[PDB]
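Undergrad: What would the 3D arrangement of this be:
(5 chains)
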Amino acid sequence: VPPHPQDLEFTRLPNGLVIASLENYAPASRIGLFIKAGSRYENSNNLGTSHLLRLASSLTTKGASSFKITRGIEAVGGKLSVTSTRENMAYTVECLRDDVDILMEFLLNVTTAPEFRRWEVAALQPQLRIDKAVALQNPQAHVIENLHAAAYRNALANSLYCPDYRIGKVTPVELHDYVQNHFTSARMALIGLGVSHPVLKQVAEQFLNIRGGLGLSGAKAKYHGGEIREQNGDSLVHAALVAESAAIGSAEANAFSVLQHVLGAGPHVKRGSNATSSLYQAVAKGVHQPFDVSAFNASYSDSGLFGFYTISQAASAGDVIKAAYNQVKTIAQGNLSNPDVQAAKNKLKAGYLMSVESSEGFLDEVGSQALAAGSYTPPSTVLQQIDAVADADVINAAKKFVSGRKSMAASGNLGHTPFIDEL
Amino acid sequence: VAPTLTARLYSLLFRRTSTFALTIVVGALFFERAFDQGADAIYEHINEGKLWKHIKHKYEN
Amino acid sequence: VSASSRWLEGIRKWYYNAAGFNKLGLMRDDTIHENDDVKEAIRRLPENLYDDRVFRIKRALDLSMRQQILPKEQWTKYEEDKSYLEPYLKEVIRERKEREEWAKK
Amino acid sequence: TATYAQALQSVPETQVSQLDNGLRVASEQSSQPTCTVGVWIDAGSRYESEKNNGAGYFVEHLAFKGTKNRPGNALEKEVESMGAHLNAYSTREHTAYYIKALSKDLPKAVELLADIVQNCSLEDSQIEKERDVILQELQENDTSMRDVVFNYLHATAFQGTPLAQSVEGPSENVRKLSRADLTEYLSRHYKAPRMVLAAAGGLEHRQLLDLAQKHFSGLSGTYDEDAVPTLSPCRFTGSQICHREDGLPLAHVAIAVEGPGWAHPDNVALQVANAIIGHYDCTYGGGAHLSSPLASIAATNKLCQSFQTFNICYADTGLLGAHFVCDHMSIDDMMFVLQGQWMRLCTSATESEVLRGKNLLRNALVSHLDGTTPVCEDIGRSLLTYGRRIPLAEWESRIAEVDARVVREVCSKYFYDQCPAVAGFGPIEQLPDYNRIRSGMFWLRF
Amino acid sequence: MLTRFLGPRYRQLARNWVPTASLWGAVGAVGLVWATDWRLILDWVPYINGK
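TA: Numbers count the residues shown, from 1 in each chain, chains lettered A, B, ... in the order given. Take a look at the structure below.
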């Protein structure tokens, strides 16, 4: 018979900073500072700076030294961690509730007091090599990196990981300048779980009144289309094929969201045939060995990519891809049942509600909601918007993929991987 | 008593390398007595009248 | 502001000239004993200060070998003597003393 | 605002009920719009025999591939089409099938889990299909050096006992194991006293019972009486297994002394001491300044790529130690530092670090119980292993008791001058001789 | 220059190694007693006064 829940409390400061909290009466507290400072904001003279920056979150600040951050936090069983997408960095901190004071102070020192000392920074540059190395051992990491590199000319083309040529080359000035240009008020959102909105607001009005980089979530990402191919010998060919979709927020973007679930995202049932996955079922009909297909759906402030991601043996690469692509084409031609669309809706809705279940997850939603929307938008109203999707819009979503200048990335033994050109 | 005694030894005396060393040192003093006793007395018994320790009573004061 | 603190200064300038590292183009911070705290602060020196430091010492050990001394012109003027290491050294000890307080609790 | 103390009291009573069965049916209500339901069976692989072995795994593989009421393909169809997530795992002691679903779907969620856990239509067709799949898994599992070494450490420490067995079993069993074998395991082990319906999220307990009675009606109803046995105790050896393969680029070692297992109050205190040693990974932010003296020296002297402390529990026993991964010329230095850590903590645990470990443990605990799935798994498992759910406040109490003495004591009891089990894999020339490892298990100065 | 070593932890850690250090002088003296046959002390010990 638990607490009747508190509501989220959400506040836009006139400098354009956004504060949201929830008092769940939890033994732990989570705090995120969500900045519009993701990798799309690097230019061709400073690629990688945000990745070094991602790593630099326990270097010395003005009145909290490197040693103290580590020991101070670890002393309370705290965590401090920093997560980038192509759009955002998200500096989030976690501990027991009695300890928000010590953790908040560390957090603000990192995001607003970075000293970036020559010798600390130099000591850190090998870590981009390790960090990249670890991440780039999922074939997908490369693919989705090249996929973006091929789609866009600019901005979303930039990689989440530092170019090898810049390893050892990103400077303290470049770091300093990145914070100044990007970690301002208009660009930030301070979100807190198991903290109270008065405190958050005080912290924000005291410490996060920063401004004087730039305005715009905006170079504006120029979609261009193309293909990047990488000969591996990995025996399994990974490949993703994609057209320009819809910017996150817009109604059209939910059409794609639902179309993703028609064609089919991940598995639901451990070691299942994925009876409900159209892409899986269409590819299986042709293809008699190990494969995977899933609908791919990325969505950004000012663009997005839709299509699908295949893994096949080298020789089947094309057979898989052509099977997959047809199966989309078949929805564009209008072969789509209403209970199919209904199923994908229950899949999406449940997946959403599922996604926000845990503190880590909820905080992330709210953080990004704040930066992309300038709002909070409750489940009740997200599902409403999901329900609002017409059968026709989903067809049209698929129409758009089929007819639209394409982007491809694939790596493996590419000898029987097609060429766009050839699809 | 006849099984769980190597145990009792180990807990009290052998776990700690201090009490281990203390045991060997305390144990060695008691052994040096009992050995230089016993063995000298074994060496006595195998001669019994060859040695000035037994003759002693002959030529008095 | 003061006659007397110009005198403590005159005593200091004496001892400086008297020490006579100047005489071999050295600066006070060239002469410091290398311990761990010092060693790290040399690590922390920017490229130029480091390269200048190695040259000063190289020039001096050369003179010291040949038992000579600079032209008086080329000696290091007391006023012209920059404690280029000081702030680094201080920051190092500062960081060490923190680690030392943390080790106490 | 709420203190953390206050904040622990706020977390609700895990409600427990018993069916006319053996089947316990347990729930934590929260205001979630979403739930995790499922079945924790007290089947595992400690429970199997040499001929049996890898049955439960073959069952797990069969479990979602179609019932008497819902043939082959169609269970999938129902779960997927309602946006729910069906899932399973087996351990050496525990089998669990669970669904993540919408809360409004807890009816058909339970309906399904019931059908799964009784009416498994183990079609001959499928048991055949499954055998190739399960073999492939064995081939790919051979590549996870970590998965291997923990199987080896189990294989050597428990050397003789059913606990020494893998969960998948040997190649040969998988190929020979028949439908008869499987139904025999099924009918022995999937009885109501040895299983818990567990749920967490947006539900009343009353509905959970109504559904327990409805769909778990008569499992051990007229059953039970004949040839249910209790688990045998498992002999720990302490012993070494070294599988040397210089074709592999890094070494995995996993060292352990014998644990007390699930029930024992000592778990709390050991977990603290463990927390103090902690874990490392070469992607860890900020290296030299880490609290843990292992992890610090590891990072500064590039002594490895990863480590992790552990305490695996079984009934009445368990494996307590650490595992790491490193270069061929690190295996010794890494061994030295880990061992000297254990001993420092045995002899001279200071007051301060123990408060750190205590906090680290509290933070692990609250953070672990985040959302329907973890909490459900912890409901289900706990009832198997403690016969209760132990409330978070109780853990805080149990944690708060521990200090430096409680560490040096409980460490010395488990670690000091004890034969470890060692398992080692890959380029392991420099893995210390067993005598020398065992010498590391005590200080001469003490 | 030993100011470093004065704090709560250090006193905990000394207090930890005290029963051990106690016994190590017990080892060391009794060994010296036995090795020199110290006469003065050993007269006190029953059995061992062999005279």
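Undergrad: my read: residue A:156 touches residue A:299, true?
TA: No. Using C-beta atoms under 8 Å, residue A:156 makes no contact with residue A:299, being 10.9 Å away. (Each C-beta comes from the backbone N, C-alpha and C, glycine too.)
Undergrad: Compare these two (neighbour count), which wins?
TA: Neighbour count, other C-beta atoms under 10 Å in any protein chain shown: between residue A:156 and residue A:299, residue A:156 has more, with 25 against 20.
Undergrad: isn't there a helix covering the more buried one?
TA: Yes. The assignment for residue A:156 by DSSP: H, G, I helix; E, B strand; the rest coil puts it in a helix.
Undergrad: My reading is that residue D:325 lies in a strand. Confirm?
TA: Yes. According to three-state DSSP, residue D:325 belongs to a strand.
Undergrad: Check the gap between it and residue E:13 for me.
TA: Residue D:325 is 32 Å from residue E:13, where distance means C-beta to C-beta, to the nearest Å.
Undergrad: and what of residue A:327?
TA: Distance, residue A:327 to residue E:13, using C-beta to C-beta: 69 Å.
Undergrad: how about the helix or strand harbouring residue C:97: buried residues?
TA: Assigning secondary structure by DSSP states H and E places residue C:97 in helix C:86-102. Buried residues in helix C:86-102, defined by neighbour count with 16 or more other C-beta atoms under 10 Å in any protein chain shown: C:88-89, C:91-92, C:95, C:102.
Undergrad: how about the residues of chain B near chain E?
TA: Neighbours of chain E within chain B, by C-beta under 8 Å from any C-beta of the partner chain: B:16, B:18-19, B:21-22, B:25-26, B:28-30, B:32-33, B:36-37.
Undergrad: swap the cut-off to 7 Å and go again
TA: B:18-19, B:21-22, B:25-26, B:28-29, B:33 (C-beta under 7 Å from any C-beta of the partner chain).
Undergrad: from the residues you listed, which single one is nearest chain D?
TA: When those are compared for distance to chain D (C-beta to the nearest C-beta), residue B:18 wins out at 7.1 Å.
Undergrad: residue contacts, the residue most central in space within chain A?
TA: By C-alpha atoms, centre = their mean, chain A has its centre lying nearest to residue A:85, at 4.4 Å. With contact taken as C-beta atoms under 7 Å, 6 or more residues apart in numbering or on different chains, residue A:85 is in contact with residue A:38.
Undergrad: Pick out whichever of residue D:325 and residue E:13 has more residues nearby.
TA: residue D:325 (24 against 20).
Undergrad: mind listing what the more buried one touches?
TA: With contact taken as C-beta under 7 Å, 6+ apart, residue D:325 is in contact with D:250-252, D:304-306.
Undergrad: which residues does it bridge with?
TA: residue D:252, residue D:306 (DSSP bridges).
Undergrad: Identify the spatial nearest neighbour of residue D:300, chain neighbours not counted.
TA: Counting by C-beta to C-beta, 6 or more residues apart in numbering or on different chains, residue D:300 lies nearest to residue D:288, which is 5.2 Å off, once chain neighbours are set aside.
Undergrad: what are the phi and psi angles of that neighbour?
TA: phi -50, psi -30 (degrees, to the nearest 10).
Undergrad: Please apply the same query to residue A:242.
TA: Per degrees, to the nearest 10, the backbone of residue A:242 is at phi -160, psi 140.
Undergrad: from chain C, which residue is nearest to chain D?
TA: For chain C, C-beta to the nearest C-beta, closest residue to chain D: residue C:105, 5.2 Å.
Undergrad: Quick check: the closest residue to chain A within chain B vs residue D:435, distance?
TA: Here chain B gets closest to chain A at one residue, residue B:16, 32.4 Å apart by C-beta to the nearest C-beta. Here residue B:16 is placed at a distance of 21 Å from residue D:435 (C-beta to C-beta).
Undergrad: and if you look at residue A:3?
TA: Taken as C-beta to C-beta, the span from residue A:3 to residue D:435 is 59 Å.
Undergrad: before we move on, back to that, the more surrounded of residue B:16 and residue D:435?
TA: Using other C-beta under 10 Å, the more surrounded residue of residue B:16 and residue D:435 is residue B:16, with 22 against 8.
Undergrad: Excluding chain neighbours, what is closest to that one?
TA: Take residue B:16 and drop its neighbours on the chain: the residue closest to it by C-beta to C-beta, 6+ apart is residue D:446, 6.3 Å away.
Undergrad: To what extent is the one you found buried, counted in neighbours?
TA: Using other C-beta under 10 Å, residue D:446 has 20 other residues around it.
Undergrad: Name the SS class of it, please.
TA: Assigned with three-state DSSP, residue D:446 falls in the coil class.
Undergrad: just checking, it touches residue E:21?
TA: No. Look at residue D:446 against residue E:21 with C-beta atoms under 7 Å: they stay out of range, at 10.5 Å.
Undergrad: By residue count, what's the longest helix in chain C?
TA: Counting by DSSP state H, the longest helix found in chain C is helix C:47-65.
Undergrad: can you tell if it touches chain A?
TA: No. Judged by C-beta under 7 Å from any C-beta, helix C:47-65 stays clear of chain A, getting no closer than 9.6 Å.
Undergrad: Apart from its chain neighbours, what residue comes closest to the residue of chain C closest to chain D?
TA: Nearest residue to residue C:105 in three dimensions, chain neighbours excluded: residue D:352, at 5.2 Å (C-beta to C-beta, 6+ apart).
Undergrad: what do you get for residue A:316?
TA: Nearest non-adjacent residue to residue A:316 (C-beta to C-beta, 6+ apart): residue A:287, at 5.7 Å.
Undergrad: And the one you found, its phi and psi?
TA: Dihedral pair for residue A:287: phi -130, psi 130, per degrees, to the nearest 10.
Undergrad: okay, now the residue nearest to residue D:55 when sequence neighbours are not counted: neighbour count?
TA: Nearest residue to residue D:55, sequence neighbours excluded (C-beta to C-beta, 6+ apart): residue D:185, at 4.3 Å. By other C-beta under 10 Å, the residues close to residue D:185 number 20.
Undergrad: Would you agree residue D:86 falls within a helix?
TA: No. Using three-state DSSP, the assignment for residue D:86 is strand, not a helix.
Undergrad: Contacts only, for it.
TA: Residues near residue D:86 by C-beta under 7 Å, 6+ apart: A:268-270, D:64, D:79, D:99.
Undergrad: now that we have those residues, which one has the most neighbours?
TA: residue D:99 (28 neighbours).
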